[PDB]
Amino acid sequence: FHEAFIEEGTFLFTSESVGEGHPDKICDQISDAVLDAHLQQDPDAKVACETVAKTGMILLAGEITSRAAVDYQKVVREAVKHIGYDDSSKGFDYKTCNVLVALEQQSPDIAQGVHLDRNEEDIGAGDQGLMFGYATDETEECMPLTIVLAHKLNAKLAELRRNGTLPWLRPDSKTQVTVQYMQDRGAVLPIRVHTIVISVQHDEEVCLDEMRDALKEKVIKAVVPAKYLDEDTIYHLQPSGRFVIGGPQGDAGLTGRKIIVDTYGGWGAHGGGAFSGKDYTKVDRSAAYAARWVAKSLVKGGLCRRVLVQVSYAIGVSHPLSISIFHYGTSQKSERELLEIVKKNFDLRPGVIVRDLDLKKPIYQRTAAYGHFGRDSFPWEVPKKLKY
């Protein structure tokens, strides 16, 4: 009878992550390197920096109003060097690539409608839109195990690449983790890892069997708790075989094309806005961080085992248009009661979020790989003590 109980009582869920050298993630990191360069000189910089990456090319396009003097050639090339593209053998070289800049001022129509001649507390949302925050008690970091493990596998590849223990590794990687879960009254309980995919760019020397052995022994077994790995776990390691061609040569990349990788790995919800290259007046970023803070506060405060928060704005309007709560049936309180607790404890005006989460600080390049949520030393990851 056990097989029948397993089929009925369990389900699969899949999340992916990508490494720093994935071309879409290159763009996110460069966009946030540009944002941080501005904020280091001008904490009030208005930044909307999109990056495009293709064979031999980084293009910056968008809108910046800032008192900073930023050397875009230096910032871009230093970011590409850090990622590890330093030779034509790797498909891309920070020393010799083309960097094109098409950056203008912020629209004066936007500036006058959002922030000009306002106290910072009264600044309007920098756009309309919807944003979600999510938290789950299934991990200590209050994140889905699927996305946590997917990100940590890419971080482990970069670590062993950079310390030279796996020197055949190159910067471009993708990971994907399928977890088999059971539920406890709307809370999800991870049982085992069902399937792992790892695809990583490599040099010309190493054989397919040697790479597959190292990815299991030095990466997967160093990241995934042994209790989640068993004789039935499926490993797709270099599944499409050779991956010498990678980075921007392999595929065009853009800023904001990994927004599900950046958030909850498909769990929770997403309002569609990209984070990278945007200052705190862009609610796509600041209100998603605040909603994460709310969701994590509700779970660590013991009000929910899992929770989703929606918030929405209109351009030029400080107060949110709507706030909504979905507790997945994991609270003794109604969604109406939880929403009252939120409105009693939190103030999701962008001019207040920036103070509560210290969002003028140049920490954004750190967020642009391995996820914006579930990591140490970000203000939105410190739960607020709730009163009600």
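Note that the rigid core is defined as the largest set of C-alphas that superpose within 1.5 Å between two forms. Residue indices: 1-based, along the sequence shown.
Q: Superpose by the rigid core: which stretch, 311 to 319 or 203 to 211, shows more Cα shift in 7 other deposited structures of this protein?
A: Output: 203 to 211, the stretch lying farther off on average in 7 other deposited structures of this protein.
Q: Rigid core superposition, C-alpha RMS per stretch in 7 other deposited structures of this protein: which comes out larger, 21 to 29 or 370 to 378?
A: More C-alpha displacement in 7 other deposited structures of this protein shows up in 370 to 378.
Q: Averaging only over Cα atoms, indicate whether 181 to 189 or 131 to 139 has the higher B-factor in the PDB entry.
A: According to the entry, 181 to 189 carries the higher average C-alpha B-factor.
Q: Select between 198 to 206 and 275 to 283 the stretch whose C-alpha atoms have the higher average B-factor in the entry.
A: Taking the mean B-factor of the alpha carbons in each, 198 to 206 is higher.
Q: Between 175, 165, 255, 98, which carries the biggest CA temperature factor in the record?
A: If I rank 175, 165, 255, 98 by C-alpha B-factor, first place goes to 165.
Q: Checking the entry, which one of 17, 14, 377, 367 has the top C-alpha B factor?
A: Checking the PDB record, the top C-alpha B-factor among 17, 14, 377, 367 is at 377.
Q: Using the B-factor values recorded in the entry, state whether the Cα atom of residue 246 falls in the lowest, middle or highest third among the modelled residues of its chain.
A: Highest third - that is where residue 246 ends up once the chain's C-alpha B-factors are sorted.
Q: Please rank the C-alpha B-factors of the chain's modelled residues and tell me whether residue 48 sits in the lowest, middle or highest third.
A: Its C-alpha B-factor belongs to the lowest third of this chain's values.
Q: Just say lowest, middle or highest third for the CA B-factor of residue 160 relative to the other modelled residues in its chain.
A: For residue 160, whose C-alpha B-factor we compare with every modelled residue in the chain, the answer is the middle third.
Q: Would the CA B-factor of residue 289 place it in the lowest, middle or highest third of its chain?
A: Lowest third - that is where residue 289 ends up once the chain's C-alpha B-factors are sorted.
Q: Which third, lowest, middle or highest, does the C-alpha temperature factor of residue 42 belong to within its own chain?
A: Middle third, going by the recorded CA B-factors of the chain.
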